[PDB]
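Visitor: Structure file upload35.cif (mmCIF, C-alpha atoms and all ligand atoms) right here:
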```
data_upload
#
loop_
_atom_site.label_atom_id
_atom_site.label_comp_id
_atom_site.auth_asym_id
_atom_site.auth_seq_id
_atom_site.Cartn_x
_atom_site.Cartn_y
_atom_site.Cartn_z
CA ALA A 1 64.22 18.83 -6.61
CA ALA A 2 60.61 19.92 -6.17
CA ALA A 3 58.76 20.58 -2.92
CA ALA A 4 55.60 19.42 -1.15
CA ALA A 5 53.57 22.55 -0.19
CA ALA A 6 51.01 21.12 2.24
CA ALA A 7 47.67 22.72 1.36
CA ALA A 8 44.79 23.60 3.69
CA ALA A 9 41.14 22.53 3.86
CA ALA A 10 37.66 23.67 4.91
CA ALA A 11 34.97 21.71 6.76
CA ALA A 12 31.20 22.08 7.11
CA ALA A 13 28.28 20.18 8.67
CA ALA A 14 25.08 22.01 9.60
CA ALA A 15 22.66 21.61 12.53
CA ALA A 16 19.06 20.51 12.93
CA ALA A 17 16.09 21.97 14.81
CA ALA A 18 12.99 20.58 16.49
CA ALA A 19 9.37 21.70 16.68
CA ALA A 20 7.16 21.32 19.73
CA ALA A 21 3.55 20.70 18.48
CA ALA A 22 1.35 21.79 21.41
CA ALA A 23 -1.74 19.75 22.31
CA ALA A 24 -5.06 21.43 22.96
CA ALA A 25 -5.80 19.39 26.13
CA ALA A 26 -9.52 18.69 26.35
CA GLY B 1 -38.35 8.48 4.89
CA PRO B 2 -38.97 5.31 6.87
CA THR B 3 -36.36 2.79 7.94
CA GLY B 4 -35.43 -0.23 5.86
CA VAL B 5 -36.46 1.31 2.54
CA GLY B 6 -32.93 1.17 1.10
CA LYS B 7 -31.63 4.70 0.78
CA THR B 8 -28.02 3.59 1.23
CA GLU B 9 -28.64 0.80 -1.26
CA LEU B 10 -29.85 3.36 -3.82
CA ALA B 11 -26.65 5.32 -3.29
CA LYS B 12 -24.48 2.21 -3.66
CA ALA B 13 -26.39 1.27 -6.83
CA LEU B 14 -25.82 4.76 -8.23
CA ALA B 15 -22.12 4.39 -7.47
CA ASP B 16 -22.22 0.96 -9.09
CA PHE B 17 -23.55 2.45 -12.31
CA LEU B 18 -20.98 5.08 -13.28
CA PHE B 19 -17.91 3.35 -11.84
CA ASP B 20 -18.51 -0.41 -12.40
CA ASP B 21 -17.25 -0.76 -8.79
CA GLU B 22 -18.92 -0.50 -5.39
CA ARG B 23 -16.29 0.74 -2.92
CA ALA B 24 -14.71 3.60 -4.89
CA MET B 25 -17.21 6.08 -3.46
CA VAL B 26 -16.57 7.95 -0.21
CA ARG B 27 -18.79 6.94 2.70
CA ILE B 28 -18.40 8.75 5.99
CA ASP B 29 -20.54 8.54 9.13
CA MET B 30 -22.65 11.05 11.01
CA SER B 31 -23.07 8.91 14.13
CA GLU B 32 -19.51 9.43 15.38
CA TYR B 33 -19.92 13.23 15.50
CA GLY B 34 -22.08 13.65 18.58
CA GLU B 35 -19.77 16.09 20.36
CA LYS B 36 -18.44 19.48 19.37
CA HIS B 37 -14.74 18.96 18.90
CA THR B 38 -14.66 16.06 16.43
CA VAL B 39 -15.27 18.42 13.49
CA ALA B 40 -11.52 18.57 12.90
CA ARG B 41 -11.31 15.02 11.44
CA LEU B 42 -12.53 16.42 8.12
CA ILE B 43 -10.50 19.64 8.26
CA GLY B 44 -7.17 19.22 9.98
CA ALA B 45 -5.50 21.11 12.76
CA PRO B 46 -4.34 24.72 12.41
CA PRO B 47 -0.58 25.37 12.23
CA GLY B 48 0.96 24.80 15.63
CA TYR B 49 -0.84 21.61 16.67
CA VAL B 50 -0.28 17.90 16.84
CA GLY B 51 -1.56 16.42 13.61
CA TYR B 52 -0.81 19.10 11.04
CA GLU B 53 1.06 17.80 8.01
CA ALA B 54 -1.29 14.80 7.76
CA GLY B 55 -4.18 16.96 6.58
CA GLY B 56 -7.90 16.39 6.63
CA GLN B 57 -9.72 13.14 5.93
CA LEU B 58 -12.53 14.40 3.70
CA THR B 59 -10.19 16.92 2.07
CA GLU B 60 -7.49 14.42 1.10
CA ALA B 61 -10.14 11.96 -0.12
CA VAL B 62 -10.97 14.35 -3.00
CA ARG B 63 -7.52 15.69 -4.08
CA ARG B 64 -7.12 12.21 -5.51
CA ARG B 65 -10.17 10.62 -7.22
CA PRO B 66 -12.12 13.86 -7.89
CA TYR B 67 -15.24 12.14 -9.20
CA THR B 68 -16.50 10.29 -6.12
CA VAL B 69 -19.96 10.05 -4.61
CA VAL B 70 -20.08 11.30 -1.04
CA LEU B 71 -22.46 9.96 1.60
CA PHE B 72 -23.64 11.25 4.97
CA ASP B 73 -25.29 8.37 6.81
CA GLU B 74 -27.99 9.50 9.27
CA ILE B 75 -27.21 13.22 9.50
CA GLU B 76 -29.43 13.91 12.48
CA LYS B 77 -27.15 12.53 15.16
CA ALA B 78 -24.66 15.36 14.73
CA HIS B 79 -25.69 18.18 17.03
CA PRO B 80 -26.08 21.42 15.03
CA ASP B 81 -22.45 22.38 14.61
CA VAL B 82 -21.37 20.06 11.79
CA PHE B 83 -24.06 21.71 9.64
CA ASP B 84 -22.06 24.95 9.48
CA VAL B 85 -19.43 23.30 7.27
CA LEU B 86 -21.71 21.69 4.72
CA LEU B 87 -23.57 24.98 4.69
CA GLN B 88 -20.63 26.14 2.58
CA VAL B 89 -19.64 22.88 0.91
CA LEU B 90 -22.85 23.37 -1.06
CA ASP B 91 -23.46 26.33 -3.39
CA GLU B 92 -19.78 27.33 -3.60
CA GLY B 93 -18.14 23.96 -4.04
CA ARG B 94 -14.97 24.70 -2.10
CA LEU B 95 -13.48 23.84 1.27
CA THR B 96 -10.10 24.64 2.77
CA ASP B 97 -7.83 23.10 5.38
CA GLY B 98 -4.74 23.97 7.40
CA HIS B 99 -2.42 24.41 4.43
CA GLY B 100 -4.65 26.91 2.66
CA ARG B 101 -4.99 24.58 -0.31
CA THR B 102 -8.44 24.74 -1.85
CA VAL B 103 -10.12 21.49 -2.75
CA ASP B 104 -13.02 21.73 -5.20
CA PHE B 105 -16.22 19.69 -5.13
CA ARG B 106 -17.36 20.94 -8.51
CA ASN B 107 -18.20 17.56 -10.02
CA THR B 108 -18.89 15.37 -6.99
CA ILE B 109 -22.31 14.09 -5.92
CA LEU B 110 -23.54 15.00 -2.44
CA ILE B 111 -26.05 12.50 -1.05
CA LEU B 112 -27.04 12.97 2.58
CA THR B 113 -29.62 10.54 3.89
CA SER B 114 -31.76 11.33 6.92
CA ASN B 115 -34.11 9.64 9.35
CA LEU B 116 -36.83 12.16 10.33
CA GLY B 117 -40.59 11.94 9.85
CA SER B 118 -41.30 8.19 10.04
CA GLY B 119 -45.07 8.08 10.20
CA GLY B 120 -46.23 11.26 8.50
CA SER B 121 -47.28 12.13 4.98
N1 LIG C 201 -36.32 -0.49 -3.26
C1 LIG C 201 -35.44 -1.50 -3.09
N2 LIG C 201 -34.95 -2.19 -4.14
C2 LIG C 201 -34.07 -3.19 -3.99
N3 LIG C 201 -33.61 -3.61 -2.79
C3 LIG C 201 -34.03 -3.01 -1.65
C4 LIG C 201 -34.99 -1.90 -1.74
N4 LIG C 201 -35.23 -1.50 -0.47
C5 LIG C 201 -34.49 -2.28 0.35
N5 LIG C 201 -33.77 -3.19 -0.35
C6 LIG C 201 -32.86 -4.20 0.23
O1 LIG C 201 -33.06 -4.28 1.64
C7 LIG C 201 -31.86 -3.98 2.37
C8 LIG C 201 -32.12 -2.81 3.31
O2 LIG C 201 -32.00 -1.58 2.58
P1 LIG C 201 -30.93 -0.47 3.03
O3 LIG C 201 -30.98 0.66 2.03
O4 LIG C 201 -29.62 -1.16 3.33
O5 LIG C 201 -31.55 0.07 4.42
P2 LIG C 201 -31.13 1.51 5.00
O6 LIG C 201 -31.70 2.57 4.09
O7 LIG C 201 -29.65 1.49 5.29
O8 LIG C 201 -31.92 1.57 6.40
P3 LIG C 201 -31.31 2.39 7.65
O9 LIG C 201 -32.33 3.35 8.15
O10 LIG C 201 -30.00 3.20 7.17
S1 LIG C 201 -30.80 1.06 9.16
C9 LIG C 201 -30.77 -3.66 1.36
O11 LIG C 201 -29.66 -4.54 1.57
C10 LIG C 201 -31.41 -3.79 -0.01
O12 LIG C 201 -30.77 -4.75 -0.87
#
```
Would you mind writing the file out in structure tokens?

Guide:
Amino acid sequence: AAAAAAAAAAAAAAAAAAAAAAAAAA
Amino acid sequence: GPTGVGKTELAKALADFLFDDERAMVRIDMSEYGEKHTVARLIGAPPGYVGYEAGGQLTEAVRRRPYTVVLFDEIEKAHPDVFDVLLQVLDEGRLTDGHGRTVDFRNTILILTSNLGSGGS
């Protein structure tokens, strides 16, 4: 005679980043 | 002195003595440095540029194996701009690169052969 009580959740996945690396052009 | 006397062979023999090897020393060239901008092989680029995390050639060659013998074959061919760096390699024994790490040449051997004269006393 018990119940179910559907529990919640939390999600996470981060992001990246890029770098440009200029070239001195000579 | 003259040519063909065996300056480089004296340096290789010296490296053969106190290593029992012959290739563990660090030979670089001074014939590939005829222009101004190729100084940065032995330093590394400043932060913001293409090859940065790789570091310098001559700098990384000493952070491991800090007992090498260092050669400078025919240091005349470099036009007088490479000389400003080994003006301060000597007599202080330090050199820095892009990361700000400080290598230390405090027990290396600097041997820099030349080619001038050749006919005079
Ligand atoms: N004093 C010496 N004792 C023993 N071997 C020598 C001596 N001088 C010359 N040699 C031999 O002759 C060769 C020429 O000498 P090296 O030192 O290689 O010439 P080098 O000083 O490189 O000339 P340059 O100007 O750089 S083309 C070497 O392979 C040596 O084995």

Visitor: Quick check, in Å to one decimal: how far apart do atom CA of residue 96 of chain B and atom CA of residue 23 of chain B lie?

Guide: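 According to the coordinates, atom CA of residue 96 of chain B and atom CA of residue 23 of chain B are separated by 25.3 Å.
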
Visitor: Please write out the residues within 12 Å of ligand LIG 201 (chain C) as a ChimeraX atom specification, counting only C-alpha atoms and all ligand atoms.

Guide: /B:1-13,29-31,71-76,112-116,118

Visitor: Considering all atoms listed in the file, state which residue in the set B:89, B:50, B:45, B:39 is at the smallest distance from residue 19 of chain A.

Guide: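 The shortest atom-to-atom distance to residue 19 of chain A comes from B:50.
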
Visitor: May I have the residues of chain B within 12 Å of chain A, counting all atoms listed in the file, written as a PyMOL selection string?

Guide: chain B and resi 36-38+45-53

Visitor: Measure the distance from atom CA of residue 35 of chain B to atom CA of residue 62 of chain B in Å and round it to one decimal.

Guide: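 The value is 25.0 Å.
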
Visitor: Calculate how many Å separate atom CA of residue 55 of chain B from atom CA of residue 77 of chain B, rounding to one decimal.

Guide: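 Interatomic distance here is 24.9 Å.
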
Visitor: Between B:33, B:68, B:93, B:103, which is the closest to residue 15 of chain B once you count only C-alpha atoms?

Guide: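 The shortest atom-to-atom distance to residue 15 of chain B comes from B:68.
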
Visitor: Would you list the residues near (-17.7, 15.2, -9.1) (no more than 7 Å away, in the coordinates of the file, using all atoms listed in the file) as number ranges by chain?

Guide: B: 66-68, 105-109
